[PDB]
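Undergrad: generate coordinates for the sequence data below:
(10 chains, ligands or ions: 21)
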Amino acid sequence: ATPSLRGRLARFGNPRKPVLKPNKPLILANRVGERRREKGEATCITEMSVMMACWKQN
Amino acid sequence: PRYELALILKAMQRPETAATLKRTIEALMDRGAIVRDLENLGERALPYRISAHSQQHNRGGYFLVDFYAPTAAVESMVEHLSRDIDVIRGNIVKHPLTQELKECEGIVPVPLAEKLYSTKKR
Amino acid sequence: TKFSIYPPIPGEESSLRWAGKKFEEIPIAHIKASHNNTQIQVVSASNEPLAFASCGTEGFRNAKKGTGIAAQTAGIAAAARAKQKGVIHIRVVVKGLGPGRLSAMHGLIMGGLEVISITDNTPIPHXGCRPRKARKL
Amino acid sequence: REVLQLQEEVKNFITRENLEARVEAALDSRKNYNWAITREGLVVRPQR
Amino acid sequence: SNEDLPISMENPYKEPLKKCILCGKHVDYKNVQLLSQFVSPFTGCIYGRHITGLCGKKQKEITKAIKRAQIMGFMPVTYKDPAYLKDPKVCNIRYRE
Amino acid sequence: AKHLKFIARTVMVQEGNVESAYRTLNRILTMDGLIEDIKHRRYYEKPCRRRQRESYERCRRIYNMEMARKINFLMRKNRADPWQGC
Amino acid sequence: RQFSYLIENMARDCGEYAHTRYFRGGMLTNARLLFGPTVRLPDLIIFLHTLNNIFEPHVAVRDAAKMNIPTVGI
Amino acid sequence: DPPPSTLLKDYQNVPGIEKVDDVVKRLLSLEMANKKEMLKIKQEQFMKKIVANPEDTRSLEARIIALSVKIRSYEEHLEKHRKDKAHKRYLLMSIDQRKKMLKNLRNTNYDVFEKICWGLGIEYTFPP
Amino acid sequence: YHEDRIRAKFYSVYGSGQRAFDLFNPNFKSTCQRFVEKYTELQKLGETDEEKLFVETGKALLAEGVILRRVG
RNA sequence: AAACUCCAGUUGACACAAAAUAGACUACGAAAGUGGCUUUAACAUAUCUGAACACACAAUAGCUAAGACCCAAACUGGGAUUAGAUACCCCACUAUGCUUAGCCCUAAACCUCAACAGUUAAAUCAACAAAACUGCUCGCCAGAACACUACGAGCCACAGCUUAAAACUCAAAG
Ligand SMILES: NC(=O)c1ccc[n+]([C@@H]2O[C@H](COP(=O)([O-])OP(=O)(O)OC[C@H]3O[C@@H](n4cnc5c(N)ncnc54)[C@H](O)[C@@H]3O)[C@@H](O)[C@H]2O)c1
Ligand code: FES
Ligand SMILES: [K+]
Ligand SMILES: [K+]
Ligand SMILES: [Mg+2]
Ligand SMILES: [Mg+2]
Ligand SMILES: [Mg+2]
Ligand SMILES: [Mg+2]
Ligand SMILES: [Mg+2]
Ligand SMILES: [Mg+2]
Ligand SMILES: [Mg+2]
Ligand SMILES: [Mg+2]
Ligand SMILES: [Mg+2]
Ligand SMILES: [Mg+2]
Ligand SMILES: [Mg+2]
Ligand SMILES: [Mg+2]
Ligand SMILES: [Mg+2]
Ligand SMILES: [Mg+2]
Ligand SMILES: [Mg+2]
Ligand SMILES: [Mg+2]
Ligand SMILES: [Mg+2]
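TA: Residues are numbered from 1 along each chain as shown, chains lettered A, B, ... in the order given. Ligands and ions are numbered 1, 2, ... in the order given. Take a look:
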């Protein structure tokens, strides 16, 4: 269920203080955000640590 | 008005619990209160450890006291409960039955807000 | 029956036994994954210290101290000492959201300690002290 | 009607004469305020 | 004139207004079993109205009763009482999935 | 501190599947909002900044839910073109 | 796009013309520059669907009003 | 103030309440009640004493009495809570409204106006 | 219309009829419509009680053989 | 790097500080503000408008006296960076944030959109923003800068607050 919007913004008929202060109009656009690439990180650190540990011992 | 006292007595024996209950009710009567009824919620482990009167309590006995007292006696009874060493916790609240329940017809739907922005073409 | 993710509360008469020991008898492994260090201490059910390891104790210094590889190295060392003193199963209690929060448990598993439960005990004030001011980076 | 209903309830109030009896009766008896609710909206009493 | 013209009437097919599960039932701070149904079993946080499904009034009463019970020693704060974990589930939330 | 131990935020490991147990616990914390609260509690956020953040999140939630509802509404029209060539 | 085939068949049978495809800009207000200097504009336009595919009024009715072409529209 | 044993205004006219148990009498008296019940009784006494036709409540003579009771209650509250700025504003506005009602009543009757002034002890002072 | 009360009542009690609506036929008559017509006919006769009028309409359909499967 | 090393981890005892979730709620108050629990007192006006100066309030910061120490932190000291760094980064510690009694009367005190009653009609409508108007009343405004300034006057304020100009300059300012 979508949160209510009545009595939230500042208008000429709203007596109460504005609950929400949007910097952009609350109007649906004709597009969606582009897919975000995943910030990859290091891989096989566990295997690298095991190999280096055995190098230290040997 | 009508107040209800929630009391958490220490996990003592039956004679000690009876004496503590008698002392507590007598203190209410001495402060001009009409004790309507006495209830026994039972003995149970406290949800959290309570340290009061230099004692660490893990189990206690929950009791309820319903009474009618003047508005100038609640504070005196609270002070008496604090000085009592056999009371782990004690709170005096307005009786829930005093406040009636207003009739509810249903969950009225909330219409979606409209005309929040002008109709000029952006 | 169905596996119970809920812990076997001592009030409940749970039949789960690990090597003849109940849930309340399994030694605890306290992991504190700070933003710059991961300190691991293994203590018995009666609050008796058994092992202790951290990034500084393993040789990592400054920024190197406080990484995932440093955390798992401390876990391996702590598990090794614990197993020498007779620890097999551990109840893991993690306190903090810093780096090496999971690597420390991985190091303990690689050391040879079996984890039977994971508990988060991160201190969350309920409206408490006032933290330091924000950074202007 | 409220006054008449209150008139009968006074007979069951705790006084300084029956205080010991009420305390003993309370210690013997038990009271439970717990009850659970369901998705259908039904009160499930704790049958113990 | 003509009797086939539509008349002025209220909607007869209108369904009754939906009611919350706690509608018409008293909420008491001593009812720990009822209060425990609206808290997180792992953290003890009070669920929002979007999860509980209660109305505005009942959500407020549940919140006040929980806070009163916790401060007076009737209800645990940091976790849900294990004895009430087998009570019927009335919240729309899934943790394992 | 004064509560019982190993009852809060505890997840049991099944068949040694520690990864699943950790993911389940992390998901539980994230859904309850503890993870985000801890991250924001590292530094003190001034009340004016906190109100602005809450207003931004509430506006973002409303827009996202409305956009999601429209997408689910229009997803029925994802079928192939009926009147191809027109 | 559901009755384009039917409407084009109707135009063939009655001997009149039809336009059920995408309406390129300037087909009426700039017809001389596209069809030819001596092109003859229609004397009547019949709309069976006054709305385009974005649920908005078609541009042909506005163009017909500009060019003083009477319109019969559903 | 009315005696604490005085019954509430709601129960002061019910038949059979004059012959009940002492517990019932003190339950329905002013002793086990809030301050609002005492104010209602004080308003009732002033209405009976000063003005006629107590049924009317929109009369300018009853509005002054009701506001005067509120003024006294605010003064009693401020006697203990001297740092209550909100109630201090409420008391001042109530005084100003009462003076405005007195001015209208003086221009309207000047006979019941004198009846109100002596009954409630209020003195009408011309502003500077 | 006046019959909208009857249709709403028959859609609540006795539920929807087994017969599927055939909106293509201009002279289609559903079970609910037949119940409405019988209710109207008995109203033309002049029965006073609305509850008795509803029950008598159900009795007439049972006599005619119309299947009346209540939801409850 | 500096600092601590009277340090760090578990457990137990353990506030005169601040009140996770509820809160996807939109309530109370004239405004400032107000969101842990209980109790008491309590939330002006039967037309509206009506005071920067009358009266009563007024976030944070600041002052005068008496108390409290968890944390944060102007100033200060040290470490680091830099050509310089009196800042941004790290550490430590004050005034201060708390309570009680008085003071000062400030804010981008703004939702920069006055109070009361009413309308959706056509030219609705410079632009943007939160669409355009009617009736009545109070306050204010009329080129920029000088100027949240000088002087005068009032104030428990004495490096202060309120009111508040002029000469000179420009054809712009917005
Ligand atoms: N100042 C008086 O004694 C007085 C007497 C009758 C009416 N008024 C009314 O006061 C308003 C202000 O008049 P102005 O422009 O000459 O004053 P102003 O606003 O220039 O203020 C100068 C003086 O008038 C006082 N004043 C201001 N507003 C007042 C008010 N509403 N009531 C009483 N005194 C006020 C101030 O305290 C100061 O002494 C007007 O509406 C006027 O009709 C004032
Ligand atoms: S719908 Fe009745 S109390 Fe919520
Ligand atoms: K809190
Ligand atoms: K603003
Ligand atoms: Mg903006
Ligand atoms: Mg050094
Ligand atoms: Mg919150
Ligand atoms: Mg006025
Ligand atoms: Mg003036
Ligand atoms: Mg101030
Ligand atoms: Mg101060
Ligand atoms: Mg500090
Ligand atoms: Mg200090
Ligand atoms: Mg005080
Ligand atoms: Mg403000
Ligand atoms: Mg302004
Ligand atoms: Mg005004
Ligand atoms: Mg200034
Ligand atoms: Mg000045
Ligand atoms: Mg001058
Ligand atoms: Mg001067």
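
Undergrad: spatially central residue for the chain, please.
TA: With no chain named, the answer covers chain A. In chain A, the residue lying closest to the centroid (C-alpha atoms, centre = their mean) is residue A:36, at 10.7 Å.

Undergrad: you answered for a different chain; I wanted chain C.
TA: Most central in chain C (C-alpha atoms, centre = their mean) works out to residue C:31, at 3.1 Å.

Undergrad: give me the number of residues near residue C:35?
TA: 11 (other C-beta atoms under 10 Å in any protein chain shown). C-beta here means a position set from N, CA and C on the backbone, and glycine is covered the same way.

Undergrad: with residue I:33 instead?
TA: 16.

Undergrad: so when I look at it, I'm seeing a strand, right?
TA: No - assigned with DSSP: H, G, I helix; E, B strand; the rest coil, residue I:33 falls outside any strand and is helix.

Undergrad: and what about the residue nearest to the centre of chain A, helix, strand or coil?
TA: Per three-state DSSP, residue A:36 ends up coil.

Undergrad: what's the answer for the one 4 residues further on, then?
TA: Using three-state DSSP, the structure places residue A:40 in coil.

Undergrad: next one: residue C:35
TA: Of the three states, residue C:35 takes coil according to three-state DSSP.

Undergrad: does the residue nearest to the centre of chain C touch residue C:104 like I think?
TA: Yes - contact criterion C-beta atoms under 8 Å: residue C:31 and residue C:104 qualify, at 4.7 Å.

Undergrad: and the residue nearest to the centre of chain C, what does it touch?
TA: C:38-40, C:92-95, C:101, C:104-105 (C-beta atoms under 8 Å, 6 or more residues apart in numbering or on different chains).

Undergrad: same question, residue E:23
TA: B:104, B:106, D:41, E:55, E:58.

Undergrad: between these, which is closest to chain C?
TA: Using C-beta to the nearest C-beta, residue E:58 comes nearest to chain C of those, at 23.9 Å.

Undergrad: so which residue is smack in the middle of chain F?
TA: Nearest to the mean C-alpha position of chain F, by C-alpha atoms, centre = their mean, lies residue F:31 at 5.6 Å.

Undergrad: burial check on the one residue in chain D that gets nearest to chain I, number of neighbours?
TA: Using C-beta to the nearest C-beta, the single residue of chain D nearest to chain I is residue D:40, 15.3 Å away. By other C-beta under 10 Å, 8 other residues sit near residue D:40.

Undergrad: how about it: what's its closest non-neighbour residue?
TA: residue E:21 (7.7 Å; C-beta to C-beta, 6 or more residues apart in numbering or on different chains).

Undergrad: buried sites along stretch D:11-30?
TA: For stretch D:11-30, burial by neighbour count (16 or more other C-beta atoms under 10 Å in any protein chain shown) applies to D:13-14, D:19, D:22-23, D:26-27.

Undergrad: swap in stretch I:47-55?
TA: For stretch I:47-55, the neighbour count (16+ other C-beta under 10 Å) marks I:53-54 as buried.

Undergrad: that stretch close to chain E?
TA: No - with C-beta under 8 Å from any C-beta of the partner chain as the criterion, chain E is not reached by stretch I:47-55; the gap is at least 13.4 Å.

Undergrad: chain B versus the residue of chain I found nearest chain D, what's the distance?
TA: Distances between chain I and chain D by C-beta to the nearest C-beta are smallest at residue I:72, namely 15.3 Å. Distance check for residue I:72 against chain B: by C-beta to the nearest C-beta, to the nearest Å, it reads 21 Å.

Undergrad: this completes my enquiry, with thanks.
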